[PDB]
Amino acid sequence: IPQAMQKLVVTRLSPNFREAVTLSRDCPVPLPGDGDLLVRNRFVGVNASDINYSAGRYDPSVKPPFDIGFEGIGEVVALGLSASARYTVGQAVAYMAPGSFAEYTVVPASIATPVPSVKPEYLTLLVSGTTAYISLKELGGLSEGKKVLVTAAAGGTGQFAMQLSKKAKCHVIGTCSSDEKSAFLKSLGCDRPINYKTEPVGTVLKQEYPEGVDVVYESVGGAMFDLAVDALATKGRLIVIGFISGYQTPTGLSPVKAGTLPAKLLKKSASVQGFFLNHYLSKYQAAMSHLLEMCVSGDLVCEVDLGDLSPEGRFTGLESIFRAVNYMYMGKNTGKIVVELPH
């Protein structure tokens, strides 16, 4: 329980993470209320939308300064009396809540997830795993022999959309930007990995899947979204999970050729369905429970990229978050990008 700590703070609204966010060095350690845990963060998750958050896009009325980081895993170092009925000092806990980019974060006990130990694999589940699980269960209409296309398939959430679709006996196609990532996809049971830098995705889908794909787990936006719509089967479902190709722009939007979208959907009786995890929190506990079971049992690969093969090596310390965000946006990661705060 130190007097002071470091944390990241959004000091200016911008999708340029380095220009928006400051490493603040002499911050008091916040104290937990009656219903709160104080978590010493050991690993924190880097998420594409960290730059949407720094840009102010979740609530454009809220001015800087504000905390940042959506998820953490670590040890309970202090807690309020009511919280102590369910949690104990020293316990491993994980959470999805704002302000994880800090050495210590106050988290309401009611939203914390107990975990068996502090491993970065368990953090991969909190946002990336639950997003894939809930969207596909609630909106995917998966069943044996459906064809599922997953974009950013070798990324944090993509790896789960791939594996969970396979567990539903689907035939799965996955896009990624390298042969190393394609090999990773194959190792997860991907039926058709596509390196979109060396193989034209539109041609692959037209030639190999002429009747189309039944479900798209679409994270990329832009030209990839356009191709995905064209590739939809009759009654197919494209799920808008995100559009990372656009987040760095002033609006966060990626250009699409969507003027003909209503016509295309009518012609195919097909759909475009958005998904925002925070609209489905009633499903979160059950998703996390099943994901954790599969993770511990070794029935789910939870790939972690701690940056050990990045230019400057392992993502250690809050200062490495800047590098880690850049790494994501250079498309370099395989699995979930995680930063370690060692102690």
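In case it trips you up, residue 1 is the first one in the sequence shown, and so on. Think of the rigid core as the biggest set of C-alphas that the two forms share within 1.5 Å after superposition.
Superposing each structure in 4 other deposited structures of this protein on the rigid core shows that the farther-lying of 251-259 and 234-242, by root-mean-square Cα distance, is 251-259. Looking at mean Cα B-factors across 166-174 and 84-92, the upper value is held by 84-92.
Set 5-13 against 328-336 and average the Cα temperature factors; 5-13 ends up higher. By the numbers in the PDB entry, the CA B factor is greatest at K206 among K206, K264, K147, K235. Annotation for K63, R42, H279, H290: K63 ranks highest, by Cα B-factor. Sorting the modelled residues of the chain by their CA temperature factor places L300 in the middle third. Residue-level temperature factors show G158 in the lowest third of its chain, judged at the C-alpha atom. In this PDB entry, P32 carries a Cα temperature factor that places it within the highest third of its chain's modelled residues. Ranked against the other modelled residues of its chain, the C-alpha B-factor of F275 as given in the entry falls in the lowest third.
Per-chain ranking of the deposited C-alpha B factor places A231 in the middle third.
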